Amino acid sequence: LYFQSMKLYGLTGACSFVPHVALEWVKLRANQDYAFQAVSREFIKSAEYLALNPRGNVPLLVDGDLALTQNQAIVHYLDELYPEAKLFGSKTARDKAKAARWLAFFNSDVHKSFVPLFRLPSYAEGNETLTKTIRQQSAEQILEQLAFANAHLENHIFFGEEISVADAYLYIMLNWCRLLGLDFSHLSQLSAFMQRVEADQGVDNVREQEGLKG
């Protein structure tokens, strides 16, 4: 063989969940298989991995000689190659742009708010009171952004016209909230949204592959 399938390196349950769902949708809707390599937090600090990707980040998508990082770049690339796959929830430019706007909001803005809850800023280590303040302020910021997504769901079923990469991104962040013990139950559209997303075959397959069921 002279052409191998595309390969995604990802951390199970991390933001790389999103291009994983994208590739599964491509497999299901355009019959193109792909490879998934689950990486550990240590393997990405490894010599072998930094030889592929100096930023030592996931996701990484390899397609032949192209070694592409950034979730948004990866998904827009898969959408150019496979428009029939409707990764942005639609084939039309205006509806695709609206879903891309939600994807960028989730990836650039909301994701960032989680950072201090996953890794406390070094200057608060050992400072009990500042640690509590930082964690509460970040929780408040997440919930403020999630209210905005909740408001959208008051009259839409998904963040695309049909299910899209943006729904995959919110889905995984609400999975983080559950794992972190961050209660969003007062945002009434979110739990029903989680259930709809989990019913999607590609999402289901990826949750299974990444070990995310409970």
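So that there is no doubt, residue numbering starts at 1 and follows the sequence shown.
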Hey, which bit's got the bigger mean C-alpha B factor in the entry, 20 to 28 or 186 to 194? 186 to 194
Comparing 110 to 118 with 96 to 104, the one whose average Cα B-factor in the PDB entry is higher: 110 to 118
From the list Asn53, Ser164, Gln145, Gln37, select the residue with the highest C-alpha B factor recorded in the entry. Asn53
With respect to C-alpha B-factor, does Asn150 fall in the lowest, middle or highest third of the chain as deposited? middle
By its CA B factor, does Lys213 count among the lowest, middle or highest third of the modelled residues in the chain? highest
Determine, from the deposited record, the chain-internal third of the Cα B-factor for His76: lowest, middle or highest. lowest
Temperature factor at the Cα of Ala168, chain-ranked in thirds, falls in the lowest
CA B-factor placement of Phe159, once the chain's modelled residues are sorted into thirds: lowest
